[PDB]
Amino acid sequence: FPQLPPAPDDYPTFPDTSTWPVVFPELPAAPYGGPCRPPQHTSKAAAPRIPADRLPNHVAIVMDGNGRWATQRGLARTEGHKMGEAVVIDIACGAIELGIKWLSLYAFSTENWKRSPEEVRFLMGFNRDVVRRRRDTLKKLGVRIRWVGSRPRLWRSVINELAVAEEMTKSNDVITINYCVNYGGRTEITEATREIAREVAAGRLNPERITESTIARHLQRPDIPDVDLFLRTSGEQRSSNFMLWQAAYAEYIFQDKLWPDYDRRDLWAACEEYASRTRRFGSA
C-alpha cells in the first residue's frame, strides 16, 4: 500500500543491543522469491498506512547527535558513533517496511576533516568496517547500496569496500541507499562542472547548450532523484551541504532526538509529518 503487511508475531526482531556489534538475526527464506523480509523492530510496531502519493520517494538523513549522546554518559565520542551503526540498519529495515525507494545517508562530510585526526581516523576505519560487516545482510534484503562522495583524501579502503558492496547489490531493487562518504554538495556540483569543462576543452560540448539537465547528467550518480523529505536529528536546523543539488525543493523535518536514541518508529513519524505537508514547486 506500498507498505509490507505487519510481521508475524514470531518474526525475528532488530536491534538487540545486548552486544556490540549488534548481531543481525538469521531470517527465514520464504521462497519462491528473492529478498528476505526485514526483521521487525524490537517493539514489534507496524509501519503506518501511508498512501503511495503521499509517501516520500527519496528520504535524505543527516545523522547527528552522536557526540552529545556519548557526553551525556561520560563516554568517549567513539562510543556514540558505534551506537549509531545499529540505528542505520534499523532505519534501512523501517524504510523498506514503509516503502521508501531511495535513502541517502550522510555518513561523512567533506567538512568532517575539521574534526580531530583521532576521530577522523576512527570514522574512516569505522565506515570501512561497517560496509564490510553489513553488505551481505543488505544484499539479502534487496538493498542496492553504493558510495556517493568525493575521491580526494577519502581512504581507498572505504571506496573499495563500497565498490564491492555496489557490485554485489547492483541488481537489487527493493530500495537504493546512497552511502555518502566524503560527500559535499558544492563539491559534487564542482566535479560535474569539471567533467563539463573537459568535454568543452575536447571540442565535444557547446557551452551554449549547457542546461540544468547537463549538470544533473554529469553528477557522480545521475540516477539519484530529487529529495522529497530531508531529515536531520538532534534538533539542528541546517542542511550542511547535503544533497545540495537534489534537495532544492525538499521538505525539511528537524527531529530533536540524538541519533543513537533514534529508531525506525521515528522515521515513520517524520514520514507521517511529510504526508500532511502540501508541496507546490512554485505553483499557486
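Throughout, rigid core stands for the largest set of C-alpha atoms superposing within 1.5 Å between the two forms. One rule holds for the numbers: they count along the sequence shown, beginning at 1.
RMS Cα deviation from the shown model in 4 other deposited structures of this protein, rigid core fit, is larger for 203-211 than for the other stretch of the pair 203-211 / 81-89.
Comparing the two stretches 22-30 and 215-223 by root mean square C-alpha distance in 4 other deposited structures of this protein, with all structures fitted on the core, the more displaced one is 22-30. As the entry records it, the average C-alpha temperature factor is higher for 27-35, out of 221-229 and 27-35. Of the two segments, 46-54 and 242-250, the one listed with the higher mean B-factor is 46-54 (C-alpha atoms only).
When the C-alpha B-factors of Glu79, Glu161, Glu119, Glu97 are read from the PDB record, the largest value belongs to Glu79. The PDB entry assigns its highest CA temperature factor, among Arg198, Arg128, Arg115, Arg151, to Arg151. Annotation for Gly142: CA B-factor lies in the middle third of the chain's modelled residues.
In this PDB entry, the Cα temperature factor of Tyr274 sits in the middle third of its chain's modelled residues.
In this PDB entry, the Cα temperature factor of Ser213 sits in the middle third of its chain's modelled residues. Looking at the C-alpha B-factors along this chain, the one for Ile177 belongs to the lowest third. Residue-level temperature factors show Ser171 in the highest third of its chain, judged at the C-alpha atom.
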